[PDB]
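Excluded from the calculations below are hydrogen atoms, water molecules and symmetry mates; all remaining heavy atoms, backbone and side chain alike, are included. Convention: sequence-line order gives letters A, B, ...; per-chain numbering from 1.
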Amino acid sequence: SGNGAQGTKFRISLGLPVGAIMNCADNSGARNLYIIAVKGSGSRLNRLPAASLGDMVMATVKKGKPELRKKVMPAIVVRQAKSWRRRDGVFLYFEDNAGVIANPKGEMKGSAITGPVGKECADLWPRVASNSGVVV
Amino acid sequence: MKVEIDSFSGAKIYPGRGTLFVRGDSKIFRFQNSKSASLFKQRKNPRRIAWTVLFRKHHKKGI
Amino acid sequence: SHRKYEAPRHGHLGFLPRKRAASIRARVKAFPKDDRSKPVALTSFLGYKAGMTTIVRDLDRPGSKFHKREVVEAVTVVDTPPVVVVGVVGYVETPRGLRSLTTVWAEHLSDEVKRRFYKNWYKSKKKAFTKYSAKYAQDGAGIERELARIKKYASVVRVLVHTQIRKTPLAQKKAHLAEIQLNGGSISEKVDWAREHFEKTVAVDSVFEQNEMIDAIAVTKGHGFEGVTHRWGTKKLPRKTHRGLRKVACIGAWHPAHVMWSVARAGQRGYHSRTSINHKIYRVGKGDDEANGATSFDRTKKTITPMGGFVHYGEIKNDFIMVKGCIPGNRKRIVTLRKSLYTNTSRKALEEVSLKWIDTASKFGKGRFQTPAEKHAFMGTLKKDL
Amino acid sequence: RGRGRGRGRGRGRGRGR
RNA sequence: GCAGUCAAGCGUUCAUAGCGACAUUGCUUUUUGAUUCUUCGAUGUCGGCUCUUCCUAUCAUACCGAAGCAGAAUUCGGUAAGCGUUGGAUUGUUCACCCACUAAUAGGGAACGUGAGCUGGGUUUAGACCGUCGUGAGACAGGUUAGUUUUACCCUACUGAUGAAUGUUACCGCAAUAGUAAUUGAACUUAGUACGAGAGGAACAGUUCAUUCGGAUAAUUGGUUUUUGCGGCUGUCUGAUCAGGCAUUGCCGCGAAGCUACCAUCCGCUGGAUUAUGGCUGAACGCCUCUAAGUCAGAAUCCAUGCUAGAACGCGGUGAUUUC
RNA sequence: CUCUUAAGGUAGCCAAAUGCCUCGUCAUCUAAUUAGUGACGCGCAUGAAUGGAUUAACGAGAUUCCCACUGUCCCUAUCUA
RNA sequence: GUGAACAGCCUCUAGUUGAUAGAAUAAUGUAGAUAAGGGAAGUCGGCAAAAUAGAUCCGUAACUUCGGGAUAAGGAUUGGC
């Protein structure tokens with residue numbers, strides 16, 4: 001998160017460390033995002049920085065249009081395959097890992113989101129919820 | 001609270017029990033335990049598993 | 001030279017030595033400070049850890065996202081039968097510390113208390129406290145002269161209580177004796193309160209109440225000899241490591257030519273005395289009232305014991321205390337619940353907790369039913385019953 | 001004598017230079 | 001490598017807000033030399049991994065003092081080692097340079113910490129190639145490729161565990177001493193308020209979470225299957241059905257119990273005394289001055305509260321104490 | 001032009017196992033590359049049976065990248081003999 | 001007998017039941033294994049391990065000494081009656 005987040009996020013179980021490849025959920029032209037860093041992560045020896053649902057990450061584009069590649073850009077994780085526990089008590093998990101390309105402030109590069117969007121990510125990023133059709 | 005029903009078997013799901021699966025398009029599944037989730041993951045049909053509620057309705061069990 | 005990079009210390013150095021406890025009953029090292037204005041009351045209680053279940057309740061926490069929303073929390077169930085006062089003890093102040101002065105016992109002691117004093121009770125003549133009972137055969141001057149000494153001296157007064165082991169499903173048959181400090185005023189009234197309570201039982205609701213933050217004192221579940229990987233959480237060696245990889249590579253430098261006390265070494269894990277604090281009470285149940293597991297929102301007629309009873313423990317038939325969170329020690333272990341030593345006002349306390357549902361499914365597997373009538377309604381009829 | 005007790009030839013062990 | 005002294009000058013004017021020439025006084029053994037004192041009837045050698053502790057010449061965090069400091073942001077200085085100081089591409093590397101996160105990515109010591117702890121990539125035997133040099137054998141602090149890493153069962157230290165003797169035995173306690181722990185950020189509100197021409201733009205109190213660390217726990221979730229618990233499948237064998245043997249646990253699906261996971265949950269206390277410093281009264285020195293006597297407030301500091309162990313030569317209370 | 005000399009590196013090839021300087025310069029590969037590859041050549045000290053150059057197939061040879069796969073790892077846990 | 005098979009596996013004839021035992025199931029080992037999410041971020045280096053695997057049918061590139069490359073790469077099917 002960091003800047004542009006409207007509130008705090010309860011801890012979601014980490015499933016995406018550095019080096020994970022997740023799908024691209026918006027129509028920015030990218031096909032997948034290669035996560036290289038996680039914003040707001042800690043500093044422990046030998047521990048990889050891991051991401052969760054709603055976290056803001058810095059990622060590159062491996063497949064997609066040639067003008068979106070070979071450059072680092074912020075991304076927001078909207079789907080998670082690792083099961084996490086809500087405070088309601090349900091253990092839920094999606095079918096795959098997906099993310100959307102955003103600016104440092106929080107505005108999305110695209111305009112529409114394919115597939116569902118987690119409820120914790122929609123509350124933290126208002127503009128993600130505006131472009132998301134169905135939530136969980 | 002609210003008591004949900006299992007999508008695969010059909011048993012009651014009390015709060016805290018079981019897991020929840022979301023398919024890619026929009027669908028939300030609920031399972032009572034890992035036995036129902038593993039059978040669903042193997043693409044098994046609930047109408048052929050003899051202990052499910054959907055099995056009993058089709059084969060005129062109970063009544 | 002420097003390490004290569006700075007890393008945090010593995011483990012806590014204040015919990016040393018990690019040796020086996022001297023007894024199965026953990027000691028109460030500290031008691032709440034006395035307030036002379038408050039009435040005479042107990043500071044702690046003794047119970048047995050039954051197990052754990054799940055509670056659904058409304059969260060009342062302004063400024064939070066789950067406000068006016070339901071959450072699930074894990075709670076512990078501790079069976080707390082009423083304890084019986086068997087004696088009092090007085091402590092005078094000395095420049096070397098606190099010193100016991102006079103112990104006065106009750107006239108009649110049950111066989112549970114006498115079981116504690118013998119290791120071969122089946123072979124003994126059961127002669128314990130036989131000549132001491134002759135002190136009550138007179139007018140009572142022998143006990144009163146030992147009781148009037150506690151009013152003059154002995155600025156600290158503690159009471160002797162024991163658990164009713166025969167009211168629990170345990171097959172241990174021997175009471176646990178312990179000292180509980182009395183917190184009130186007017187030291188003379190402390191020994192008058194203890195004198196009236198000889199051979200009398202005090203319940204658990206007279207000491208604790210709803211929404212009270214208490215401390216749990218018990219002995220950790222034992223695990224025997226353990227390696228350094230699990231005892232301290234050190235990093236595992238690579239697969240290429242000869243002569244084993246579940247070890248510590250460097251145990252010290254050349255100088256000083258000794259192994260330091262601050263390095264991680266293998267040894268005994270578990271069976272230590274621990275003191276966990278800030279535990280909120282969720283339910284103060286009764287053993288003489290049915291539908292302990294019922295709630296004003298559930299209304300179904302059911303008690304707190306799960307289907308088939310608690311695993312490795314049995315069924316609850318006495319008063320119980322439900323504590324949110326985890327408690328050190330496993331099931332069937334004697335525990336000591338103690339009131340907080342300070343007034344907490346962090347808004348995590350001071351809230352009134354009202355439950356909505358108590359989970360009572362079987363803990364012997366993936367239970368699907370709460371009550372035996374629910375199993376018969378869902379499954380209809382079977383071959384065995386009909 | 002045998003395959004053990006190695007001291008002499010070495011890749012990075014004793015008896016170097 | 002680091003720190004002073006003097007102050008010609010810079011700094012719009014103004015030496016010391018901050019720098020500062022020409023000179024001069026020291027400190028350090030984390031560089032490299034100089035020396036050859038110890039070791040050649042052997043002290044196993046570079047780097048990395050792993051792990052503990054210590055130093056302050058303080059990168060961040062705490063509290064303050066100055067600025068050519070309006071706010072914001074920053075620089076300099078003081079008390080301070082309590083607590084932290086990362087994930088990667090390249091190179092055997094130390095060193096270094098970039099990508100990125102972060103409150104911050106400070107410098108070092110412990111036989112250039114650490115090979116009966118590991119690894120063997122570098123260097124440094126024997127094989128082989130190239131270039132240059134040599135008539136030649138061969139040479140190269142030149143390049144390249146391949147090359148056995150032995151032993152603890154002894155003593156001490158350390159981690160745990162028993163134990164004789166204090167009339168006997170049993171129960172309940174006291175606390176000498178030793179150890180000790182929590183840490184940091186964000187958001188809401190304060191408030192688009194103080195401040196400022198504008199542009200911009202805080203803080204105290206309060207609330208909600210999170211980072212790292214620690215102690216426990218298994219209700220739930222996940223993992224683990226010799227429950228060989230149930231079912232299924234292949235080959236072969238007991239004439240067939242049934243029921244089973246064997247295939248170094250035959251294989252597959254589910255799988256309680258137990259164990260376990262920031263991959264699950266819970267929890268992690270508040271008083272006193274002080275450093276820097278800011279004050280009060282008030283002399284010395286009729287005045288003036290936080291200091292000289294006295295006294296107040298004051299830091300992640302110290303000591304206690306609390307937490308862990310219980311001296312096996314520290315102690316107290318109490319029960320029972322044998323007749324062939 | 002010209003020194004010396006028996007004659008002065010031709011065809012090819014290269015920071016290649018051969019380049020001291022050097023982590024050479026440019027391009028490509030990566031978010032980031034002293035690695036790899038493609039080029040540049042006054043090459044300390046490349047070069048023609050000291051064989052030069054190019055090569056399909058072959059290799060328990062020496063290297064770089066990609067896909068798949070995985071407890072190598074994040075971060076360890078459990079079971080059997 | 002299974003199968004392409006003198007492979008592995010089970011059985012008949014024949015031959016052995018001989019390797020010091022008993023009791024428990026701590027740590028660390030040797031040997032064999034399984035792991036959610038990520039998929040080489042580990043490491044000098046994909047070391048080790050995992051994945052692929054038989055048969056039938058389809059399909060098969062650059063390059064080449066025209067012989068190869070080739071099981072290239074990449075897909076589908078497999079029981080019983």
- Do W84(A) and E120(A) get their side chains close enough for a donor-acceptor pair, meaning under 3.5 Å? yes
- Would you please name every residue forming a ring pair (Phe, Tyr, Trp, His ring centres under 6.0 Å) with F15(C), sequence neighbours left out? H12(C)
- Item | Base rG258(E) to side chain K221(C), donor-acceptor N/O within 3.5 Å cut-off | no
- Item | Derivation of the side chain to side chain donor-acceptor pair (under 3.5 Å) call for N32(A) and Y34(A) | CA-CA 7 Å; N32(A) 51 349; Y34(A) 174 72; over 6 Å; no
- Message: Looking at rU124(E) opposite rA72(E), are both of their pairing distances below 3.5 Å, so that they form a Watson-Crick or G-U wobble pair?
- Response: no
- Could you tell me which residues satisfy ring pair (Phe, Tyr, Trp, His ring centres under 6.0 Å) with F310(C), sequence neighbours excluded, listed by chain and number? none
- Interatomic distance where NZ belongs to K9(A) and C1' belongs to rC209(E) [whole Å]: 11 Å
- Message: It should be established whether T60(A) places a side-chain nitrogen or oxygen under 4.0 Å from OP1 or OP2 of nucleotide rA31(F).
- Response: yes
- Query: If pairing requires Watson-Crick or G-U wobble contacts with both distances under 3.5 Å, which nucleotide is the partner of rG282(E)?
  - Reply: none
- Task: Select from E226(C) and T241(C) the residue whose nearest nucleotide in RNA chain G is closer to the 5' end of that strand.
- Result: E226(C)
- chi for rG8(F) classified (syn = within 90 degrees of 0, anti otherwise) as syn
- Query: Across the strands shown, which category fits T76(C) at heavy-atom distances under 4.0 angstrom: base, sugar-phosphate, nothing?
  - Reply: nothing
- Does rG173(E) pair with anything, Watson-Crick or G-U wobble, both distances under 3.5 Å, and if so, with which nucleotide? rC315(E)
- Item | Atom-to-atom span, NZ of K82(A) to P of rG37(G) - whole angstrom | 9 Å
- Message: Any residue in residues 4-26 of chain C with a heavy atom nearer than 4.0 angstrom to RNA chain F? Just list them by number, or reply none.
- Response: none
- Message: Checking base pairs now: Watson-Crick or wobble, both atom distances under 3.5 Å. What partners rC290(E)?
- Response: none
- Query: Mind checking the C1' distance from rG41(F) to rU119(E)? Whole angstroms is fine.
  - Reply: 43 Å
- Message: Strictly by Watson-Crick or wobble contacts shorter than 3.5 Å, is anything paired with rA48(G), and which nucleotide is it?
- Response: none
- Item | Nearest-Å distance once atom P is located in both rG271(E) and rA218(E) | 35 Å
- Note on the structure: If pairing means Watson-Crick or G-U wobble with both distances under 3.5 Å, then the partner of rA165(E) is none
- Task: Could you encode protein contacts along nucleotides 73-81 of chain F as a string, one character per nucleotide from 5' to 3', using B for base contact, S for sugar-phosphate-only contact and - for no contact, with a heavy-atom cut-off of under 4.0 Å?
- Result: -SSBS----
- Query: Which base, if any, makes a Watson-Crick or G-U wobble pair with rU43(G), both distances under 3.5 Å?
  - Reply: none
- Item | Between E107(C) and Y132(C): side-chain donor-acceptor atoms closer than 3.5 Å | no
- How do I36(A) and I21(A) order along RNA chain F: which one's closest nucleotide is nearer the 5' end? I36(A)
- Could you measure between the two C1' atoms, the one in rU53(E) and the one in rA67(E), and give it in whole Å? 41 Å
- Query: So what does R17(B) hit on the nucleic acid, given a heavy-atom distance under 4.0 Å: a base, only sugar-phosphate, or nothing?
  - Reply: sugar-phosphate
- Note on the structure: Side-chain contact of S1(C) under 5.0 Å with paired-base groove atoms places it in the major
- Row check, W121(C) ring normal vs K114(C) NZ/CZ: under 6.0 Å, within 45°: no
- Message: For the residue pair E179(C) / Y91(C), report whether a side-chain donor-acceptor contact shorter than 3.5 Å exists.
- Response: yes
- Item | Pairwise side-chain contact, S362(C) with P306(C), heavy-atom cut-off 4.5 Å (strictly under) | no
- Taking only N and O in the side chain of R116(C), is any of them less than 4.0 Å away from OP1 or OP2 of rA170(E)? no
- Hey, does the side chain of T94(C) come within less than 4.0 Å of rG316(E)'s phosphate (OP1/OP2), counting only N and O? no
- For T275(C) and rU308(E), is the shortest distance between a side-chain N/O and OP1 or OP2 below 4.0 Å? yes
- Query: How are the rings of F117(C) and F129(C) set to each other: parallel, tilted or perpendicular (split at 30° and 60°)?
  - Reply: tilted
- Are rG268(E) and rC213(E) a base pair, Watson-Crick or G-U wobble, with both contacts under 3.5 Å? yes
- Note on the structure: With sequence neighbours left out, the residues meeting side chain to side chain contact (heavy atoms under 4.5 Å, CB included) with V72(A) are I36(A), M58(A), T60(A)
- Query: Can you give one letter per nucleotide of nucleotides 75-81 of chain G, 5' to 3': B if a protein heavy atom sits under 4.0 Å from the base, S if only from the sugar-phosphate, - if neither?
  - Reply: -------
- Query: If the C1' atom of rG179(E) is compared with that of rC303(E), how far apart are they to the nearest Å?
  - Reply: 16 Å
- What interatomic distance, in whole Å, is found between P of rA60(F) and the corresponding atom of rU30(F)? 34 Å
- Message: Taking any heavy-atom pair under 4.0 Å as a contact, classify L39(B): base, sugar-phosphate, or nothing.
- Response: nothing
- Task: Looking at every strand, decide which applies to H255(C) at a 4.0 Å heavy-atom threshold: base, sugar-phosphate, or nothing.
- Result: base
- Check whether the side chains of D96(A) and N23(A) place a donor and an acceptor atom closer than 3.5 Å, and report yes or no. yes
- Note on the structure: The Watson-Crick or G-U wobble partner of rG36(F), with both key distances under 3.5 Å, is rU28(F)
- Hey, is the side chain of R269(C) poking within less than 4.0 Å of OP1 or OP2 on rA161(E), counting only N and O atoms? no
- Taking the P atom of each, how far is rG9(F) from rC20(F), in whole Å? 26 Å
- Does a nitrogen or oxygen in the side chain of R13(D) sit under 4.0 Å from OP1 or OP2 of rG120(E)? no
- Message: Is it the case that the side chains of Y14(B) and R368(C) hold a donor-acceptor pair, with the cut-off being a distance below 3.5 Å and no angle test?
- Response: no
- Any donor-acceptor N/O pair under 3.5 Å between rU85(E) base and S43(A) side chain: no
- Respond yes when some side-chain nitrogen or oxygen of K39(A) is under 4.0 Å from OP1 or OP2 of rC101(E), and no when none is. yes
- Query: So, does the side chain of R3(C) form a donor-acceptor pair with the base of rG109(E) at under 3.5 Å?
  - Reply: no
- Message: At less than 4.0 Å, is any side-chain N or O atom of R15(D) found next to OP1 or OP2 of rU150(E)? Yes or no.
- Response: no
- Item | Pairing between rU34(G) and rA77(F), Watson-Crick or G-U, 3.5 angstrom cut-off on both | yes
- Task: Using only side-chain N and O atoms of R11(A), determine if any of them is under 4.0 Å from OP1 or OP2 of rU211(E).
- Result: yes
- Task: Check whether any side-chain N or O of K131(C) sits under 4.0 Å from OP1 or OP2 of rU321(E), and answer yes or no.
- Result: yes
- Task: Report yes if a side-chain nitrogen or oxygen of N278(C) is closer than 4.0 Å to either non-bridging phosphate oxygen (OP1 or OP2) of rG268(E); otherwise report no.
- Result: yes
- Report yes if at least one side-chain N or O of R274(C) is closer than 4.0 Å to OP1 or OP2 of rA216(E); otherwise report no. yes
- Query: Distance check: side-chain N/O of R243(C) vs OP1/OP2 of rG29(G), anything under 4.0 Å?
  - Reply: no
- Message: Rounding to an integer number of angstrom, what distance separates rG46(G) and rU70(F) when you compare their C1' atoms?
- Response: 10 Å
- Using a cut-off of 4.0 Å on non-hydrogen atoms, how would the nucleic acid contact of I55(C) be classed: base, sugar-phosphate, or nothing? nothing
- Now, which nucleotide makes the Watson-Crick or G-U wobble pair with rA199(E), with each of the two distances under 3.5 Å? none
- Item | Span that lies between the P atom of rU227(E) and that of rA31(G), in whole angstrom | 24 Å
- Message: What is the separation between atom CZ on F10(A) and atom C1' on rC266(E), rounded to the nearest whole Å?
- Response: 12 Å
- Query: Closer than 4.0 Å, any side-chain N/O of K70(A) to the OP1 or OP2 of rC29(F)?
  - Reply: yes
